[PDB]
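# Overview (structure and organization)
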Amino acid sequence: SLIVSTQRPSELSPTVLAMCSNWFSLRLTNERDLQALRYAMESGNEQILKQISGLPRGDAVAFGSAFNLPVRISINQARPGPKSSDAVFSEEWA
Amino acid sequence: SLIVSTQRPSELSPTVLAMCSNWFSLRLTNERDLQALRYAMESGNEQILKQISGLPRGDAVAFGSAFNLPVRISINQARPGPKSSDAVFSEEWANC
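Everything in this summary refers to the structure shown in the same document.

## Some thoughts on the overall build of chain A
Secondary structure assignment for chain A yields two helices and three strands. Starting at the N terminus and walking to the C terminus, you meet the elements of chain A as α-β-α-β-β. Taking 2.2 N^0.38 as the reference for a compact globule, 94 residues should give roughly 12 Å; the C-alpha atoms of chain A span a radius of gyration of 17 Å, well beyond that estimate. Each principal axis of the C-alpha distribution contributes one length, and for chain A these read about 55 × 30 × 30 Å. Counting every position in chain A, which comprises 94 residues, the buried fraction comes to 22%. Counted over contacts in chain A with a minimum sequence separation of 6, partners at least 24 positions apart contribute 43%. A total accessible area of about 7,600 Å² is found for chain A, and carbon and sulfur atoms account for 52% of it.

Written out as structure tokens, the structure is:
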């Protein structure tokens, strides 16, 4: 199998990009990215691709062989949540 | 008698499609896969391509020389059936 987590699908070949079973997707910003993914879409419709641009954090769109019809899911809370972050920079100058 | 096959007919000559009679197609969801089908056929019918994008499981659309007019077919199961299924991963991960 393959798992590609890209930043700019607008510069990807749709043929290689569109050979998976079921997908997940949070916010995707660039309009060209959405257009390329739309051209690289093999199981879905164009009505749900128009609301990926403004999905808030924690709200995902799922569609595939395990779902009868596409759904907009609000994923549950993070326990334990992410903790990794950069160091506080106030200490460096004093 | 030939069989030309293309699920992406945009990158092919419409003369391949306009000089042929019979076709078979189940549900197919893609907007750019119908340009050759849109152009090749002569004037007289264009509204019958909308429903090819919502056919339920087991339904198919067939049209060609063998049929007087396009018709929607519900195909019966073949007995004995094809292969059972692919691999099941429930048994492999039952080790937990």
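Having put the structure on the table, let's press on.
## Regarding the pairing of strand β2 (residues 59-63) of chain A
Residue and element names in this part refer to chain A. Burial runs high along β2: four of the five residues are buried. The sheet contact formed by strand β1 (residues 23-25) and β2 spans three bridges and is antiparallel. Directly across from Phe-24, in β2, lies its bridge partner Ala-62. Sheet topology places β2 next to strand β3 (residues 71-74); four bridges connect them, and they run antiparallel. Of the residues in β3, the one forming a bridge with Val-61 is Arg-72.

## What to know about the packing of aromatic side chains
Given two aromatic rings, their pairing is described by the distance between the two centres and the angle made by the two planes. Residue and element names in this part refer to chain A. For the coordinates displayed, the defined rule picks out three aromatic pairs over all chains. Ring plane angle 65° and centroid distance 5.6 Å describe the contact between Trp-23 and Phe-63, whose orientation is recorded as edge-to-face. One end of the pair, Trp-23, is in strand β1; the other, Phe-63, is in strand β2, and 40 residues separate them in sequence. Under the relative-accessibility criterion, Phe-63 is labelled buried at 10%.

## Considerations on the sheet that holds strand β2 (residues 59-63) of chain B
All names here are of chain B. On the basis of which strands lie adjacent, the open sheet formed by three strands has the order β1-β2-β3 and antiparallel pairing. Edge strands, defined here as strands with exactly one partner in the open sheet, are β1 (23-25) and β3 (71-74). Strand-to-strand twist across the sheet, computed as the mean angle between neighbouring axes with direction ignored, equals 30°.

## Some thoughts on the pattern of salt bridges
All names here are of chain B. Across all of its chains, the model carries four salt bridges over all chains by this definition. Linking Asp-33 and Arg-32 is a salt bridge whose minimum nitrogen-to-oxygen distance equals 3.4 Å. Across the pair, exposure class does not vary: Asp-33 and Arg-32 are buried alike. We note a salt bridge from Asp-59 to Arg-72, for which the minimum N-O separation is 3.4 Å. Of the two residues, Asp-59 is situated in strand β2 and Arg-72 in strand β3; the sequence distance between them amounts to 13 residues. We classify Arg-72 as partly exposed; its relative accessible area is 44%.

About the cut-offs
- Sequence positions in this view are assigned from 1 along each chain in the order the sequence is written. Entry numbering can differ, and residues without coordinates are absent from the display.
- To read the labels, note that chains go from A and ligands from 1, taken in the order they are written.
- Summary scope: the chains shown constitute part of a larger assembly, and all values are computed over the shown part.
- The side-chain values count all of the structure's non-hydrogen atoms but skip hydrogen atoms and water molecules.
- Counting from the N terminus, the helices are DSSP H or I runs at least four residues long and the strands are E runs at least two residues long.
- In this setup the radius of gyration rests on C-alpha atoms only. A globule is expected at 2.2 Å times the number of residues raised to 0.38.
- Burial classes: relative accessible area under 20% of the type maximum marks a residue as buried, over 50% as exposed, and values in between as partly exposed (1.4 Å probe, protein chains only).
- Pairs of residues are marked as contacts when any of their non-hydrogen atoms sit within 4.5 Å.
- Surface accessibility follows the Shrake-Rupley procedure with a 1.4 Å probe radius. Residue values consider only the protein chains on display as shielding.
- Two strands pair if DSSP finds at least two bridges between them.
- Side-chain rings of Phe, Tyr and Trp (the six-membered ring for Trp) are treated as a pair once their centres are within 6.5 Å; stacked means planes under 30 degrees apart, edge-to-face means over 60, and tilted covers the remaining angles.
- Geometry is summarised by axes, namely lines fitted to C-alpha atoms with helices restricted to the contacting stretch, and by angles between N-to-C directions that run from 0 to 180 degrees.
- Counted as salt bridges are all cases of a side-chain nitrogen of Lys or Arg within 4 Å of a carboxyl oxygen of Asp or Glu.

So, to be careful, I would describe these as geometric facts and stop short of saying anything about function.
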